[PDB]
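For the sequence shown, full-length UniProt numbering gives the first residue as 32, with consecutive numbering after it. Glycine included, C-beta positions come from ideal geometry on N, C-alpha and C. Right, one structure below, let's go through it.
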Amino acid sequence: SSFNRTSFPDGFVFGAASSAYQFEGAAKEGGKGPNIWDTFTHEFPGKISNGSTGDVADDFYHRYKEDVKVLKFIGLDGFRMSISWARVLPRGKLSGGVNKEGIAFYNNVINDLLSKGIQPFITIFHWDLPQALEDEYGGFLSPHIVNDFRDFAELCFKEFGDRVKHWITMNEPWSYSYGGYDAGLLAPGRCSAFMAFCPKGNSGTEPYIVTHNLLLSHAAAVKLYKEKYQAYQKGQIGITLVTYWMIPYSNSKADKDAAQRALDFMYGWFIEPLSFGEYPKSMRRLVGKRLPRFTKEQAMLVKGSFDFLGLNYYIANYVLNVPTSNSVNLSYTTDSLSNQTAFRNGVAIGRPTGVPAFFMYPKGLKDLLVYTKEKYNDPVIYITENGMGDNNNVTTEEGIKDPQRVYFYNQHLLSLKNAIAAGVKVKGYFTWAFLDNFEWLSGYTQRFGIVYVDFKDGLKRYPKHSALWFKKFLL
Ligand SMILES: *[C@@H]1O[C@H](CO[C@@H]2O[C@@H](C)[C@@H](O)[C@@H](O)[C@@H]2O)[C@@H](O[C@@H]2O[C@H](CO)[C@@H](O[C@@H]3O[C@H](CO)[C@@H](O)[C@H](O)[C@@H]3O)[C@H](O)[C@H]2NC(C)=O)[C@H](O)[C@H]1NC(C)=O
Ligand SMILES: N=C(CCCS[C@@H]1CC(=O)N(Cc2ccccc2)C1=O)N[C@@H]1O[C@H](CO[C@@H]2OC[C@@H](O)[C@H](O)[C@H]2O)[C@@H](O)[C@H](O)[C@H]1O
Ligand SMILES: *[C@@H]1O[C@H](CO)[C@@H](O[C@@H]2O[C@H](CO)[C@@H](O)[C@H](O)[C@H]2NC(C)=O)[C@H](O)[C@H]1NC(C)=O
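So, in structure tokens, the structure goes:
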């Protein structure tokens, strides 16, 4: 006898997650065109650990049949995966033509998943923007992205919507904006010149520009799905957001307010437009005219534009107030006057993982969910990512034994259970990740999978103890 799925609601969806650039490989194969991550990893090897790329990744593009067998072996209800925009539309625009070989790959994966009784949860956009669109008008820096995003979504609805019943417009627009345009840590790698880190950009203005267009693009796809496809395809559409849970470093009003500002700027930036059609008051106050306004039309489009909310949860941080100052480092990051740290009084917020900044704090998952329920009218929620990373610095034999990850999932699922007990309408949960994969700026130095991938020996797959723990949990 042990903790198992019967403790969760009937029909609850347990799954594992993936994304196209991180898993697929075949970056220049099967008619696929270039995307901004091809470009970023090739042109800035200094920004990826060991100068790695997703050229091959897990080679999920060729190995998907064997991988789907692993999903079935674990016994999962669902699988979260994304569509490579430049694989299906190599020139970004619909008028640039649809790549039949790219459509065929996703159809093949979906049909195999369904034969195993696994529901595909499809992320339309997981950061891999076609280089053609980045080149033409600067990608999400331009309002032109909205119409092209809408057409890409429509292509997905038309080709896959007869079988796909859960759509996620985009993964973590916070990450795309902050990482791509404030810190320059992610493609397209833009930031202010004073950071001496990116060729082009403005960390004080571009993140706000990009976030606005991310929201409008999302809203365009949702409007189209609901008005044209939802009634006869009978699916649901949402968006995946990420936030840290923010804890005041001390009991002071200063730190309490700082914690809420940090949450406002990371989470509220997206969930308040989605819920209320406006940005958080703190952002309006502190960012001023660098923060775009929603026109009345835009607000109507964005407000209420989700059937469900996808939430990605990894960590919590303590937050300190940062006093105003005279030194002029203009950025989205410094705009919130907040400072996050994993340590209080010299003590870490939880158990360590193989990722330096990341400690275990399962309580924060429930805290986030209750906060979301209470502030945003009790939405339907899927946990679309939750997981931990190991440092890739031991043998295959050792990496497969991951009691730390078994511990991680036991504690987080117990916390999730308590959130459901508190009335949060959670309907599903997805492990990041299915396989050890290309972890963006960290390359292959960090392993998040419940399944091990031996990159040094034919990309061979081996279920970890965590996979076997889930297998048992899922009966
Ligand atoms: C699937 O899981 C259920 C529930 O598991 C319980 O709740 C989870 C949230 C975790 O905290 C688990 O650690 C916890 O056990 C299992 O049913 C439960 O089995 C336990 C025994 O392991 C029962 O506790 C015992 O009950 C007897 C009386 O029958 C007492 O004499 C014992 O001292 C002890 O208290 C528990 O009552 C029971 N709960 C329910 C709701 O039935 C279930 O066995 C498991 N299934 C499989 C196949 O593993
Ligand atoms: N990685 C992110 C957010 C990137 C934000 S920009 C910058 C880079 C980064 O990882 N960190 C921290 C972070 C990590 C995860 C979530 C939020 C914030 C940043 O703030 N989100 C999810 O995390 C998953 C695990 O991300 C790893 O987290 C630890 C990092 O060291 C590693 O590079 C990253 O790939 C990704 O694989 C998913 O594709 C993605 O949806
Ligand atoms: C492999 O990487 C892990 C993770 O970085 C190392 O374990 C960490 O060691 C540091 C330094 O002593 C500690 O501060 C952390 O608490 C450890 N993290 C854990 C255990 O999750 C490990 O030492 C590395 N091993 C080798 C051989 O390099």
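query, result
"Determine the direct distance from the alpha carbon of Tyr207 to that of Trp68, and round the result to whole angstroms.", "12 Å"
"Give a yes or no on whether the C-beta atoms belonging to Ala388 and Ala379 are separated by under 8 Å.", "no"
"Could you give the residue range of the alpha helix (DSSP H) that holds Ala285?", "284–294"
"Cβ of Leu245 within 8 Å of Cβ of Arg181?", "no"
"In three-state DSSP terms, what is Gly480?", "coil"
"Using the C-alpha atoms, what's the distance from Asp366 back to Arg478?", "33 Å"
"On a CA-only basis, which of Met419, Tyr413, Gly474 is nearest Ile451? Give me that one, please.", "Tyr413"
"Is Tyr345 near ligand 2, going by C-beta to nearest heavy atom under 7 Å?", "yes"
"Cβ-heavy atom distance between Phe91 and ligand 1 below 7 Å?", "no"
"Among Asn139, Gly62, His175, which one has its Cα closest to the Cα of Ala251?", "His175"
"What are the residues that DSSP puts in a beta bridge with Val437?", "In the DSSP output, where bridge partners are listed per residue, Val437 has none listed."
"Residues around ligand 3, please: the ones whose beta-carbon is closer than 5 Å to some heavy atom of it, in chain order.", "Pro383, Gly385, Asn422, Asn424"
"May I ask you to check if the CB of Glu55 is nearer than 7 Å to at least one heavy atom of ligand 2?", "no"
"Note down, one range per segment and in chain order, each alpha helix (DSSP H) of at least 4 residues found wholly within the segment 177–262.", "204–208, 237–255"
"Out of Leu317, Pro304, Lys284, point me to the one whose CA is closest to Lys327's CA.", "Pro304"
"On the CB-based measure, 16 or more other CB atoms within 10 Å of its CB, does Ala51 come out buried or exposed?", "buried"
"Pull up the DSSP beta-bridge partners for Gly489, would you.", "None, per the DSSP bridge assignment."
"May I ask you to verify whether the segment 321–341 touches the segment 295–309, counting CB pairs closer than 8 Å and requiring at least 3?", "yes"
"With H, G and I counted as helix, E and B as strand and the rest as coil, what does DSSP make of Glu132?", "helix"
"Under 8 Å, do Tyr344 and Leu396 count as touching if we go by C-beta distance?", "yes"
"Would you report the Cα separation of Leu160 and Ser32, rounded to the nearest angstrom?", "47 Å"
"Comparing alpha-carbon positions, which option in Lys404, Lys448, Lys487 lies nearest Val425?", "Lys487"
"What does the Cβ neighbour count give for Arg324, buried or exposed, with the cut at 16 atoms within 10 Å?", "exposed"
"May I have all residues whose beta carbon comes closer than 6 Å to any heavy atom of ligand 1, sorted in chain order?", "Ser32, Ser33, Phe34, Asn35, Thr37, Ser38"
"Confirm the yes/no value for this check: CB of residue 508, any heavy atom of ligand 2, distance under 7 Å.", "Residue 508 lies beyond the residue range present for the chain, which begins at 32 and ends at 506; the question has no answer from this structure."
"Would the segment 177–192 count as touching the segment 219–239 if we require 3 or more Cβ pairs under 8 Å?", "no"
"When DSSP builds the beta bridges, which residues end up paired with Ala48?", "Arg111"
"Any heavy atom of ligand 2 inside 7 Å of the beta-carbon of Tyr392?", "no"
"If we count Cβ pairs, one from each stretch, closer than 8 Å, do we get three or more for the segment 40–54 versus the segment 447–461?", "yes"
"Could you check what DSSP says for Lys456 in three-state terms: helix, strand or coil?", "coil"
"Would you tell me roughly how many angstroms separate the C-alpha atoms of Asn202 and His243, rounded to the nearest one?", "15 Å"
"Per DSSP, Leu342 is paired with what?", "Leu272, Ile414"
"Buried or exposed for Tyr263, going by 16 or more other Cβ atoms inside 10 Å?", "exposed"
"Is the number of C-beta pairs between the segment 53–64 and the segment 205–224 that are closer than 8 Å three or more?", "no"
"Roughly how many angstroms separate the alpha carbons of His197 and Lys284, rounded to a whole number?", "42 Å"
"Is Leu294 near ligand 2, going by C-beta to nearest heavy atom under 7 Å?", "no"
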